[PDB]
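Heads up, the thing below is written out as C-alpha cells.
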Amino acid sequence: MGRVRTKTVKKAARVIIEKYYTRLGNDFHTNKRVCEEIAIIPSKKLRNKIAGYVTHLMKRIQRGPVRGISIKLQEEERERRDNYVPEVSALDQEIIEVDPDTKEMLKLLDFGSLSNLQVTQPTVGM
Amino acid sequence: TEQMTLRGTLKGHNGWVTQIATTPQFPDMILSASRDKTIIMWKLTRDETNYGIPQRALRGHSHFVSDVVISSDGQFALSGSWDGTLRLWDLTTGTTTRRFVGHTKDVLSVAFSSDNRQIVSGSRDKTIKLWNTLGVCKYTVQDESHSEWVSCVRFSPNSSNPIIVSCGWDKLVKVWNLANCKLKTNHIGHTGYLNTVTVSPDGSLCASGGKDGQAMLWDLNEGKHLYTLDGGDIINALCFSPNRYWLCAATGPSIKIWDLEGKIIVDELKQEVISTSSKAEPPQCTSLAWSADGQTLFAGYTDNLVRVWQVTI
RNA sequence: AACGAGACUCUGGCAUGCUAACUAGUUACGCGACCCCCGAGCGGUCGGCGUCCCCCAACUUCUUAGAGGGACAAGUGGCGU
C-alpha cells in the first residue's frame, strides 16, 4: 500500500503553520480553502495532501510542542518557566549539618560555628 | 428563574447541519441545511415516539449549502452554496423558480429585505452584492468592502432606518446605508476572525463573535460601543429571544444564555458523555433557532442531529 | 546541495448542477395517416402498436465536449521508543 508523505509535503505544511497559525483549525474543508489563498500550489492533488498534513499537525499542537515548529503562544509560556517560578519566596536555607572531616577542613580555613554534627558507620559499606 | 430541558431529536441527515430556519405562519414546519448538499423540510409532531419526520428534500445545489432563509408569507425559501450560486425555492412543489449568478467563488451568507422585495449576499470573493427578486444584480461594493472573506450580512428588521450590518475575516464590523449604497461606520475591537452578526427584534442592538470567544454588543442608531461578554472557547452562532431580553450563543460543544438585565448566565446546555480516545470528545453545536412561540429552541450539530429544548419552571 | 524515486502528462469510474445543438435526441401535441378490437366501453373523445410523417411546440434525462467540482489515510476504534 504505502501512505508515507514525502519531504515536499512535510516541509510546505511546517512553513504554512509557522506563518498562519491564527487562521487554521480542525476542519479539513476550511484548511483546504485557506492553503489555496496563502500559497501558490501547482496541482489540486498536491493541495489536498498539504492541507491533510496541516490538519494532522494542528491536532498535535493542541497537546504539546512539535520540535520543528514555533509560535508566540507557546514561546511566551516558555519565557514564564524562564525568569523566576512561583515555587518559593526564599532560598533553601544554609542551616545544614557538617561531617567531622569537613569541620576540620573549615577549622584550618578559620570558619565554622553554625552547623550540627554526627559520625558515619564503623567500617566501609559493602 | 426559568430553566431548559431536552424534548427530543431529529435524525434524517448525512452531513453536518449548517443552518435552521422557521416562521410564525406554520408552527408544525421547520427547514434545515447541510454538508450532504440538500435542504430538508420537517413535519413536526407531538407524538411520544419521535418529535418529527423528513417530509420533502430539495436537491439542486452541487456542493455544501451554507445559509437558508424563508419568506414572511411562508410560500418560498432562499439559499446559498459553496458552488457559488444562489437559488429561490417554491415550498409547495419543491422546485426552484429562479437562479442568481455573478459571484466567482463561494457564498457564505444571504438575507431577504424586511419587505421581502430585495436580496443581499456575502462570499469568499470579498464583495457584498445586491439583487432584485427577478434575478438581476443591482449594485457591488468593491473597494470599500472587507479586506478578507465576508463572513456574514444582515438587515435591520425596522422600516424607519433602512441599513445592513456585516462582519469579516479582517476582524471588523461594518454598517451600510441601503438606498445610498455606502458605508456608514466601522467598529473595531475583536482579536480573531468573526463567524456571525445578529440584531435585536426592536432594531436597537448588534451582537458579534468568533475565534476570540467574546460576544460584543454595539448600537445601531447611536453609533457606539456597549459591554463585552466572555463566552468561552469559540462562538459559532448568536441569536436574541423574540419575547425576552436574552442573548443566546452556540459555543463549541455547549449552548449558553445571558439575561441582559443584570448581565448574568441563566443556564448552559451540555450533552451526555460518549467516551472518546481523543481531544474534542463531544460533537460541536453549529446553528440555533428559537421557535415563533419563544418557548422552544432548535440546535444543529456536527454529528448529523438536530436537538430540541423546551423552557421549564 | 544536485540527479533518480515521487510529483508531472494521458486514461477509467461519478454530476437529473453549469454552457447548448435541423451533421444529436427525448417528451408532448395542433394534430394527420395505417392496423387491431384484446380495453371501462363501439367500428369513439378515451385504449394498444411505430426508425409512419409535418411543427413557425417545449426541453437537455439518454449522445457529443468545454469549464469547474470530488478523496485527504479526512472521520470512529485498536496497535505503535
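Ligands are numbered from 1 in the order shown, residues from 1 within each chain, and chains are lettered A, B, ... in the order they appear in the C-alpha cells.
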- Selection near region 6-15 of chain A, 7 Å with only C-alpha atoms (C1' of nucleotides), sequence-local residues under 6 positions removed, as a VMD selection string: chain A and resid 49 to 50 53 to 54 69
- Message: Show me, as JSON, numbers by chain, the residues of chain C whose atoms get within 8 Å of chain A, using only C-alpha atoms (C1' of nucleotides) for the distance check.
- Response: {"C": [6, 7, 72, 73, 74]}
Generate a file of the selected residues that holds C-alpha atoms (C1' of nucleotides), formatted as a PDB file, in the first residue's frame.
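The resulting file, part-v4.pdb, is reproduced below:
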ATOM      1  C1'   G C   6       7.511  10.825  -6.001  1.00  0.00           C
ATOM      2  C1'   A C   7       5.185  14.984  -8.110  1.00  0.00           C
ATOM      3  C1'   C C  72      -7.081  13.810   2.153  1.00  0.00           C
ATOM      4  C1'   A C  73      -5.393   7.860   5.316  1.00  0.00           C
ATOM      5  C1'   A C  74     -10.098  13.224   6.044  1.00  0.00           C
TER       6        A C  74
END
- Up to 10 Å from chain B, what residues of chain C turn up? Count only C-alpha atoms (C1' of nucleotides) and give them as JSON, numbers by chain. {"C": [15, 16, 17, 18, 68, 69, 70, 76, 77]}
Create the file for the chosen residues now, containing N, CA, C and O atoms (P, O5', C5', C4', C3', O3' and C1' of nucleotides) and written as a PDB file, in the first residue's frame.
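Once everything was written out, this is again.pdb:
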ATOM      1  P     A C  15     -23.787   9.922 -12.323  1.00  0.00           P
ATOM      2  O5'   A C  15     -24.240  11.254 -11.551  1.00  0.00           O
ATOM      3  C5'   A C  15     -23.285  12.214 -11.159  1.00  0.00           C
ATOM      4  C4'   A C  15     -23.842  13.581 -10.757  1.00  0.00           C
ATOM      5  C3'   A C  15     -24.663  14.299 -11.840  1.00  0.00           C
ATOM      6  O3'   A C  15     -25.392  15.402 -11.304  1.00  0.00           O
ATOM      7  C1'   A C  15     -22.551  15.294 -11.596  1.00  0.00           C
ATOM      8  P     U C  16     -26.793  15.245 -10.534  1.00  0.00           P
ATOM      9  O5'   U C  16     -27.928  15.246 -11.670  1.00  0.00           O
ATOM     10  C5'   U C  16     -28.087  16.337 -12.561  1.00  0.00           C
ATOM     11  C4'   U C  16     -29.551  16.533 -12.992  1.00  0.00           C
ATOM     12  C3'   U C  16     -30.510  16.589 -11.790  1.00  0.00           C
ATOM     13  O3'   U C  16     -31.521  17.582 -11.964  1.00  0.00           O
ATOM     14  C1'   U C  16     -31.168  14.910 -13.332  1.00  0.00           C
ATOM     15  P     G C  17     -31.473  18.994 -11.194  1.00  0.00           P
ATOM     16  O5'   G C  17     -30.311  19.910 -11.827  1.00  0.00           O
ATOM     17  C5'   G C  17     -28.937  19.609 -11.676  1.00  0.00           C
ATOM     18  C4'   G C  17     -28.078  20.821 -11.311  1.00  0.00           C
ATOM     19  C3'   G C  17     -27.617  21.751 -12.443  1.00  0.00           C
ATOM     20  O3'   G C  17     -28.485  22.816 -12.795  1.00  0.00           O
ATOM     21  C1'   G C  17     -25.760  21.099 -11.091  1.00  0.00           C
ATOM     22  P     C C  18     -28.591  23.346 -14.311  1.00  0.00           P
ATOM     23  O5'   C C  18     -27.177  24.012 -14.687  1.00  0.00           O
ATOM     24  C5'   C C  18     -26.777  25.267 -14.168  1.00  0.00           C
ATOM     25  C4'   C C  18     -25.424  25.751 -14.702  1.00  0.00           C
ATOM     26  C3'   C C  18     -25.397  26.058 -16.196  1.00  0.00           C
ATOM     27  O3'   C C  18     -25.922  27.347 -16.505  1.00  0.00           O
ATOM     28  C1'   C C  18     -23.407  24.902 -15.484  1.00  0.00           C
ATOM     29  P     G C  68     -10.864  25.219 -15.629  1.00  0.00           P
ATOM     30  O5'   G C  68     -11.912  25.468 -14.448  1.00  0.00           O
ATOM     31  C5'   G C  68     -11.942  24.639 -13.307  1.00  0.00           C
ATOM     32  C4'   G C  68     -13.269  24.822 -12.569  1.00  0.00           C
ATOM     33  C3'   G C  68     -13.397  23.830 -11.419  1.00  0.00           C
ATOM     34  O3'   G C  68     -12.749  24.253 -10.233  1.00  0.00           O
ATOM     35  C1'   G C  68     -15.350  23.773 -12.753  1.00  0.00           C
ATOM     36  P     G C  69     -12.039  23.189  -9.267  1.00  0.00           P
ATOM     37  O5'   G C  69     -13.291  22.363  -8.702  1.00  0.00           O
ATOM     38  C5'   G C  69     -14.266  22.956  -7.864  1.00  0.00           C
ATOM     39  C4'   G C  69     -15.403  21.969  -7.583  1.00  0.00           C
ATOM     40  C3'   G C  69     -14.963  20.772  -6.750  1.00  0.00           C
ATOM     41  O3'   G C  69     -14.986  21.046  -5.355  1.00  0.00           O
ATOM     42  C1'   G C  69     -16.366  20.105  -8.575  1.00  0.00           C
ATOM     43  P     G C  70     -13.843  20.486  -4.388  1.00  0.00           P
ATOM     44  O5'   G C  70     -14.086  18.905  -4.473  1.00  0.00           O
ATOM     45  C5'   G C  70     -15.141  18.264  -3.775  1.00  0.00           C
ATOM     46  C4'   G C  70     -15.129  16.753  -4.042  1.00  0.00           C
ATOM     47  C3'   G C  70     -13.788  16.096  -3.692  1.00  0.00           C
ATOM     48  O3'   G C  70     -13.756  15.674  -2.324  1.00  0.00           O
ATOM     49  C1'   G C  70     -14.654  15.357  -5.840  1.00  0.00           C
ATOM     50  P     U C  76     -12.642  11.548  14.947  1.00  0.00           P
ATOM     51  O5'   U C  76     -13.249  10.089  15.203  1.00  0.00           O
ATOM     52  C5'   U C  76     -14.508   9.889  15.823  1.00  0.00           C
ATOM     53  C4'   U C  76     -14.867   8.398  15.847  1.00  0.00           C
ATOM     54  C3'   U C  76     -13.848   7.524  16.581  1.00  0.00           C
ATOM     55  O3'   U C  76     -13.928   7.556  17.999  1.00  0.00           O
ATOM     56  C1'   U C  76     -14.510   6.495  14.555  1.00  0.00           C
ATOM     57  P     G C  77     -12.649   7.168  18.885  1.00  0.00           P
ATOM     58  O5'   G C  77     -12.541   5.579  18.694  1.00  0.00           O
ATOM     59  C5'   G C  77     -13.394   4.684  19.387  1.00  0.00           C
ATOM     60  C4'   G C  77     -13.011   3.230  19.089  1.00  0.00           C
ATOM     61  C3'   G C  77     -11.596   2.896  19.557  1.00  0.00           C
ATOM     62  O3'   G C  77     -11.551   2.605  20.945  1.00  0.00           O
ATOM     63  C1'   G C  77     -11.997   2.045  17.362  1.00  0.00           C
TER      64        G C  77
END
Under the rule of at most 10 Å, produce a per-residue listing of chain B near chain A: chain, number, name, the closest pair of atoms, and the distance in Å, as a Markdown table, using only C-alpha atoms.
| residue | atom | partner | partner_atom | distance |
| --- | --- | --- | --- | --- |
| B:124 | CA | A:33 | CA | 9.6 |
| B:169 | CA | A:23 | CA | 9.1 |
| B:192 | CA | A:22 | CA | 7.7 |
| B:193 | CA | A:23 | CA | 8.1 |
| B:211 | CA | A:22 | CA | 9.0 |
| B:278 | CA | A:59 | CA | 9.5 |
| B:279 | CA | A:59 | CA | 8.1 |
| B:280 | CA | A:59 | CA | 9.8 |
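Going from CA of residue 115 (chain A) to CA of residue 102 (chain A) covers 10.8 Å.
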- Query: Which neighbours of residue 39 (chain A) fall inside 9 Å, counting only C-alpha atoms (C1' of nucleotides), when residues of the same chain fewer than 4 positions from it are skipped, and could you give them as a ChimeraX atom specification?
  - Reply: /A:16,34-35
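You will find CA of residue 220 (chain B) at 19.9 Å from CA of residue 110 (chain B).
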- Message: Can you pull out the residues contacting residue 207 (chain B)? Cut-off 12 Å, using only C-alpha atoms (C1' of nucleotides), and skip same-chain residues under 6 positions away; I want them as a PyMOL selection string.
- Response: chain B and resi 154+165-167+173+187+194-200+214-220+225-229+235+237-240+246-249
Write to file, as a PDB file, in the first residue's frame, the residues of the selection just made, with C-alpha atoms.
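That gives us part01.pdb:
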ATOM      1  CA  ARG B 154     -27.947  41.048   7.921  1.00  0.00           C
ATOM      2  CA  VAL B 165     -24.688  45.136   9.036  1.00  0.00           C
ATOM      3  CA  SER B 166     -21.725  42.819   8.234  1.00  0.00           C
ATOM      4  CA  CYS B 167     -18.647  41.044   9.727  1.00  0.00           C
ATOM      5  CA  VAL B 173     -17.838  45.030  11.878  1.00  0.00           C
ATOM      6  CA  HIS B 187     -16.432  49.079  14.693  1.00  0.00           C
ATOM      7  CA  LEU B 194     -15.681  36.748  13.007  1.00  0.00           C
ATOM      8  CA  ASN B 195     -18.221  33.923  12.431  1.00  0.00           C
ATOM      9  CA  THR B 196     -21.542  35.778  12.987  1.00  0.00           C
ATOM     10  CA  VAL B 197     -23.534  39.029  13.467  1.00  0.00           C
ATOM     11  CA  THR B 198     -27.182  39.474  14.670  1.00  0.00           C
ATOM     12  CA  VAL B 199     -29.683  42.294  15.557  1.00  0.00           C
ATOM     13  CA  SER B 200     -32.420  42.585  18.271  1.00  0.00           C
ATOM     14  CA  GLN B 214     -16.096  37.101  23.199  1.00  0.00           C
ATOM     15  CA  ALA B 215     -19.599  38.407  22.410  1.00  0.00           C
ATOM     16  CA  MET B 216     -19.523  42.252  21.944  1.00  0.00           C
ATOM     17  CA  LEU B 217     -22.646  44.496  21.876  1.00  0.00           C
ATOM     18  CA  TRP B 218     -22.938  47.661  19.697  1.00  0.00           C
ATOM     19  CA  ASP B 219     -25.594  50.340  18.950  1.00  0.00           C
ATOM     20  CA  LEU B 220     -27.335  50.522  15.515  1.00  0.00           C
ATOM     21  CA  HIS B 225     -19.903  50.552  21.922  1.00  0.00           C
ATOM     22  CA  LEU B 226     -21.626  48.658  24.817  1.00  0.00           C
ATOM     23  CA  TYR B 227     -20.365  45.935  27.241  1.00  0.00           C
ATOM     24  CA  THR B 228     -18.420  42.717  26.359  1.00  0.00           C
ATOM     25  CA  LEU B 229     -19.443  39.176  27.500  1.00  0.00           C
ATOM     26  CA  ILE B 235     -18.593  31.485  19.062  1.00  0.00           C
ATOM     27  CA  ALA B 237     -23.742  31.356  16.177  1.00  0.00           C
ATOM     28  CA  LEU B 238     -25.740  34.072  18.091  1.00  0.00           C
ATOM     29  CA  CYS B 239     -29.479  34.915  18.437  1.00  0.00           C
ATOM     30  CA  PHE B 240     -31.788  37.141  20.543  1.00  0.00           C
ATOM     31  CA  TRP B 246     -31.961  37.447  26.364  1.00  0.00           C
ATOM     32  CA  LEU B 247     -28.923  36.755  24.132  1.00  0.00           C
ATOM     33  CA  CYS B 248     -28.098  33.112  23.255  1.00  0.00           C
ATOM     34  CA  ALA B 249     -24.808  31.673  21.808  1.00  0.00           C
TER      35      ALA B 249
END
- Query: Could you name the residues that touch residue 158 (chain B) at 9 Å or less, counting only C-alpha atoms (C1' of nucleotides), but leaving out those on the same chain fewer than 3 positions away, as a list in words?
  - Reply: residues 114, 155, 161, 162, 201, 202 and 203 of chain B
- Task: Would you list the contacts of residue 59 (chain C) as an MDAnalysis selection string, taking every protein, DNA or RNA residue within 12 Å and counting only C-alpha atoms (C1' of nucleotides), but skipping same-chain residues closer than 2 positions in sequence?
- Result: chainID C and resid 20:21 25:28 57 61
For region 21-38 of chain B, find every residue with an atom within 10 Å (counting only C-alpha atoms (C1' of nucleotides)), except residues of its own chain fewer than 6 positions away, and show them as an mmCIF file with N, CA and C atoms, in the first residue's frame.
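Listed below is the output, result_33.cif:
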data_model
loop_
_atom_site.group_PDB
_atom_site.id
_atom_site.type_symbol
_atom_site.label_atom_id
_atom_site.label_comp_id
_atom_site.auth_asym_id
_atom_site.auth_seq_id
_atom_site.Cartn_x
_atom_site.Cartn_y
_atom_site.Cartn_z
ATOM 1 N N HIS B 13 -30.296 13.083 8.219
ATOM 2 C CA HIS B 13 -29.197 13.779 7.502
ATOM 3 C C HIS B 13 -27.914 12.942 7.409
ATOM 4 N N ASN B 14 -27.074 13.240 6.412
ATOM 5 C CA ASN B 14 -25.811 12.541 6.120
ATOM 6 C C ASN B 14 -24.567 13.458 6.134
ATOM 7 N N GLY B 15 -24.666 14.650 6.716
ATOM 8 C CA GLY B 15 -23.549 15.575 6.923
ATOM 9 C C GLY B 15 -23.875 16.634 7.977
ATOM 10 N N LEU B 44 -43.133 18.388 12.016
ATOM 11 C CA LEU B 44 -43.078 18.201 13.464
ATOM 12 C C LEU B 44 -44.375 17.564 13.977
ATOM 13 N N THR B 45 -44.289 16.796 15.057
ATOM 14 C CA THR B 45 -45.442 16.170 15.713
ATOM 15 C C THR B 45 -45.278 16.145 17.229
ATOM 16 N N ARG B 46 -46.397 16.023 17.946
ATOM 17 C CA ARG B 46 -46.445 15.956 19.414
ATOM 18 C C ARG B 46 -46.568 14.509 19.927
ATOM 19 N N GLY B 52 -40.423 14.382 15.054
ATOM 20 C CA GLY B 52 -40.654 14.787 13.663
ATOM 21 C C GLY B 52 -40.195 13.767 12.621
ATOM 22 N N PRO B 54 -38.783 13.767 8.209
ATOM 23 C CA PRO B 54 -38.489 14.438 6.939
ATOM 24 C C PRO B 54 -39.659 14.309 5.949
ATOM 25 N N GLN B 55 -40.220 15.430 5.495
ATOM 26 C CA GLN B 55 -41.414 15.465 4.637
ATOM 27 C C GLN B 55 -41.069 15.623 3.144
ATOM 28 N N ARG B 56 -40.109 16.495 2.811
ATOM 29 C CA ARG B 56 -39.544 16.705 1.462
ATOM 30 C C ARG B 56 -38.066 17.082 1.566
ATOM 31 N N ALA B 57 -37.304 16.876 0.494
ATOM 32 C CA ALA B 57 -35.894 17.260 0.403
ATOM 33 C C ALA B 57 -35.600 17.988 -0.919
ATOM 34 N N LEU B 58 -34.863 19.097 -0.864
ATOM 35 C CA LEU B 58 -34.550 19.957 -2.014
ATOM 36 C C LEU B 58 -33.089 19.732 -2.440
ATOM 37 N N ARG B 59 -32.839 19.385 -3.711
ATOM 38 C CA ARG B 59 -31.613 18.668 -4.141
ATOM 39 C C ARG B 59 -30.723 19.345 -5.197
ATOM 40 N N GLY B 60 -31.032 20.564 -5.637
ATOM 41 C CA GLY B 60 -30.427 21.160 -6.839
ATOM 42 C C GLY B 60 -28.996 21.724 -6.737
ATOM 43 N N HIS B 61 -28.481 22.038 -5.548
ATOM 44 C CA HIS B 61 -27.120 22.585 -5.366
ATOM 45 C C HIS B 61 -26.033 21.512 -5.532
ATOM 46 N N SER B 62 -24.853 21.896 -6.023
ATOM 47 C CA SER B 62 -23.784 20.965 -6.441
ATOM 48 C C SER B 62 -22.619 20.803 -5.448
ATOM 49 N N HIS B 63 -22.632 21.531 -4.328
ATOM 50 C CA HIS B 63 -21.707 21.385 -3.193
ATOM 51 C C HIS B 63 -22.466 21.672 -1.884
ATOM 52 N N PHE B 64 -21.787 21.955 -0.774
ATOM 53 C CA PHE B 64 -22.416 22.231 0.526
ATOM 54 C C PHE B 64 -23.388 23.430 0.482
ATOM 55 N N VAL B 65 -24.426 23.440 1.319
ATOM 56 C CA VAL B 65 -25.368 24.566 1.452
ATOM 57 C C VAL B 65 -25.023 25.348 2.719
ATOM 58 N N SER B 66 -24.758 26.646 2.596
ATOM 59 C CA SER B 66 -24.147 27.455 3.665
ATOM 60 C C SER B 66 -25.152 28.245 4.508
ATOM 61 N N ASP B 67 -26.269 28.678 3.925
ATOM 62 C CA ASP B 67 -27.274 29.545 4.554
ATOM 63 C C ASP B 67 -28.658 29.253 3.942
ATOM 64 N N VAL B 68 -29.739 29.384 4.716
ATOM 65 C CA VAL B 68 -31.126 29.245 4.237
ATOM 66 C C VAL B 68 -32.070 30.162 5.022
ATOM 67 N N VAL B 69 -33.048 30.766 4.346
ATOM 68 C CA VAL B 69 -33.994 31.737 4.925
ATOM 69 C C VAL B 69 -35.367 31.612 4.254
ATOM 70 N N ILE B 70 -36.454 31.949 4.956
ATOM 71 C CA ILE B 70 -37.842 31.765 4.491
ATOM 72 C C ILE B 70 -38.544 33.124 4.341
ATOM 73 N N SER B 71 -39.352 33.281 3.294
ATOM 74 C CA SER B 71 -40.224 34.440 3.063
ATOM 75 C C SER B 71 -41.269 34.624 4.178
ATOM 76 N N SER B 72 -41.669 35.863 4.482
ATOM 77 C CA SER B 72 -42.616 36.173 5.576
ATOM 78 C C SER B 72 -44.047 35.658 5.359
ATOM 79 N N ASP B 73 -44.407 35.269 4.136
ATOM 80 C CA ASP B 73 -45.668 34.596 3.801
ATOM 81 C C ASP B 73 -45.588 33.059 3.923
ATOM 82 N N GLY B 74 -44.404 32.484 4.162
ATOM 83 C CA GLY B 74 -44.187 31.034 4.246
ATOM 84 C C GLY B 74 -44.270 30.268 2.911
ATOM 85 N N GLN B 75 -44.376 30.944 1.762
ATOM 86 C CA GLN B 75 -44.530 30.295 0.449
ATOM 87 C C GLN B 75 -43.199 29.894 -0.219
ATOM 88 N N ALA B 77 -38.506 29.848 0.004
ATOM 89 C CA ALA B 77 -37.229 29.889 0.722
ATOM 90 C C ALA B 77 -36.043 30.197 -0.204
ATOM 91 N N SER B 79 -31.600 30.221 -0.616
ATOM 92 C CA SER B 79 -30.383 29.547 -0.129
ATOM 93 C C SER B 79 -29.126 29.828 -0.958
ATOM 94 N N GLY B 80 -27.969 29.818 -0.288
ATOM 95 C CA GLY B 80 -26.627 29.941 -0.874
ATOM 96 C C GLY B 80 -25.792 28.654 -0.760
ATOM 97 N N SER B 81 -24.729 28.522 -1.557
ATOM 98 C CA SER B 81 -23.907 27.305 -1.611
ATOM 99 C C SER B 81 -22.425 27.554 -1.893
ATOM 100 N N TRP B 82 -21.589 26.601 -1.473
ATOM 101 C CA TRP B 82 -20.173 26.526 -1.827
ATOM 102 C C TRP B 82 -19.916 26.325 -3.334
ATOM 103 N N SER B 287 -25.454 25.684 14.762
ATOM 104 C CA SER B 287 -26.512 26.668 14.485
ATOM 105 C C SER B 287 -27.690 26.576 15.464
ATOM 106 N N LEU B 288 -28.447 27.670 15.622
ATOM 107 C CA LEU B 288 -29.576 27.829 16.554
ATOM 108 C C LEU B 288 -30.813 28.432 15.874
ATOM 109 N N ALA B 289 -32.006 28.090 16.366
ATOM 110 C CA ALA B 289 -33.239 28.839 16.101
ATOM 111 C C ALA B 289 -34.229 28.755 17.279
ATOM 112 N N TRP B 290 -34.729 29.896 17.767
ATOM 113 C CA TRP B 290 -35.929 29.948 18.611
ATOM 114 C C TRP B 290 -37.183 29.809 17.746
ATOM 115 N N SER B 291 -38.159 29.024 18.197
ATOM 116 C CA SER B 291 -39.487 28.964 17.580
ATOM 117 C C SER B 291 -40.213 30.310 17.663
ATOM 118 N N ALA B 292 -41.180 30.560 16.778
ATOM 119 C CA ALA B 292 -42.016 31.762 16.811
ATOM 120 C C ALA B 292 -42.819 31.920 18.123
ATOM 121 N N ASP B 293 -43.057 30.819 18.841
ATOM 122 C CA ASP B 293 -43.667 30.794 20.179
ATOM 123 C C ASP B 293 -42.724 31.295 21.296
ATOM 124 N N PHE B 298 -34.385 25.021 18.774
ATOM 125 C CA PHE B 298 -33.748 24.024 17.909
ATOM 126 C C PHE B 298 -32.246 24.309 17.804
ATOM 127 N N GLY B 300 -28.504 22.624 15.849
ATOM 128 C CA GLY B 300 -27.838 21.696 14.923
ATOM 129 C C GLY B 300 -26.387 21.374 15.303
ATOM 130 N N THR B 302 -22.470 18.812 14.550
ATOM 131 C CA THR B 302 -21.538 18.073 13.680
ATOM 132 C C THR B 302 -21.758 16.550 13.659
ATOM 133 N N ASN B 304 -24.652 15.116 12.782
ATOM 134 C CA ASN B 304 -25.798 14.984 11.869
ATOM 135 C C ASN B 304 -27.191 15.021 12.538
ATOM 136 N N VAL B 306 -30.366 17.259 14.874
ATOM 137 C CA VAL B 306 -30.974 18.457 15.476
ATOM 138 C C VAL B 306 -31.582 18.083 16.830
#
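Note that CA of residue 147 (chain B) and CA of residue 41 (chain A) are 22.4 Å apart.
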- Identify, with DSSP run on backbone atoms, the residues in region 160-225 of chain B assigned to strand (DSSP E or B), and express the list as a ChimeraX atom specification. /B:163-168,173-177,182-187,194-199,205-210,214-219,225
